[PDB]
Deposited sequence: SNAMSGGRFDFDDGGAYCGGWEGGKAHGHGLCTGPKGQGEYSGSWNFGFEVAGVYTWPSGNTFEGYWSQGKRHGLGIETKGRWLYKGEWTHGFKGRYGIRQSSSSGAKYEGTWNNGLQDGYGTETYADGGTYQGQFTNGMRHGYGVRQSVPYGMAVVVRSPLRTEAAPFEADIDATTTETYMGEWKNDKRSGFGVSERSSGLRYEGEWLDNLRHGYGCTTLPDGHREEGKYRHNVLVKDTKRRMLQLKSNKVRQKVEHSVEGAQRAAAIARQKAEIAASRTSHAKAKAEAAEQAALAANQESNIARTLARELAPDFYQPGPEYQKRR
């Protein structure tokens, strides 16, 4: 019903609807010195659906709750793009991060804004990891596919560590213990013709049994990861619809701000202009 322009002493301003002394309806808000811009819908003091543009031209397009990115949304940050769920200002739980320049992506679960839980990481050269992540790193069990070698086994702080099996499409395989992406501990190596090799890099049959067990586990962990990746893909697609809804409210807010304050400079378009 009412609205207008309110100028803050730091150079920013709110221009849009208000009701009961709170931002309401649609509105555009700029930060200190007019730097940074939210444009979208509001409900009694809180953003709902809209676009935040940083001075660099980077953007968040999607849903908000209690003053934070929350729900579905898409973040464009130059080196990469994130689409999917947001929880109280952080990426997650389910979503996809995709490189702007290459094929590299991560699809799966996130915790505290980091790759964490289960997912599929696809690398620049087209190879994959599928399985467990902890705090951004391959940690637990998972399957490392190359571009046709494949590792199935244990991981610790982003490196093969513990029991694991490495088998190339030539038959060259290693079953045993590992340390830092390097054969280390008890474990043999089978040749393509069949020639078995060194024991230490009796108790080797134990390390091979532990290796083949961890490879079996890793294959199950990759299966879980594949299910999580599929859900992350569905939530990234829902976030494409969230971004479009956010831009719809942003454009309504730009129009209103234009009517309410024809002279107020909306910085968002110029930010995005050459990005």
{"property": "Deposited positions without coordinates, collected into consecutive stretches in sequence order", "result": "1 to 3, 151 to 177, 232 to 253"}
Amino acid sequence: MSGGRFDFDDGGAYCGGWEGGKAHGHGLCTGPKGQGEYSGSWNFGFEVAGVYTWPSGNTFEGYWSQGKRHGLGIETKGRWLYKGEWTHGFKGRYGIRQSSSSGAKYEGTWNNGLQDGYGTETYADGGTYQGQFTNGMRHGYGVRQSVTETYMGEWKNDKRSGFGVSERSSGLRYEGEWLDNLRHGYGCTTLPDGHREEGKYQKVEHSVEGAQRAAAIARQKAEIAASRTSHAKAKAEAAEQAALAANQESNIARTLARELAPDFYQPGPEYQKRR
From here on, numbers count along this sequence of modelled residues.
query	finding
Selected stretch [higher average CA B-factor]: 113 to 121 or 182 to 190	182 to 190
Residue range whose averaged C-alpha B-factor is higher in the record, 12 to 20 or 257 to 265	257 to 265
Options 89, 103, 131, 92 - largest CA temperature factor per the record	103
Residue, from 108, 140, 78, 73, that the PDB entry assigns the highest Cα B-factor	78
Chain-relative CA temperature factor third for residue 247	lowest
Record-listed C-alpha B factor of residue 56: chain third	middle
Chain thirds of CA B-factor: placement of residue 33	highest
CA B-factor placement of residue 216, once the chain's modelled residues are sorted into thirds	middle
Third assignment of residue 238 from its chain's C-alpha B-factors	middle
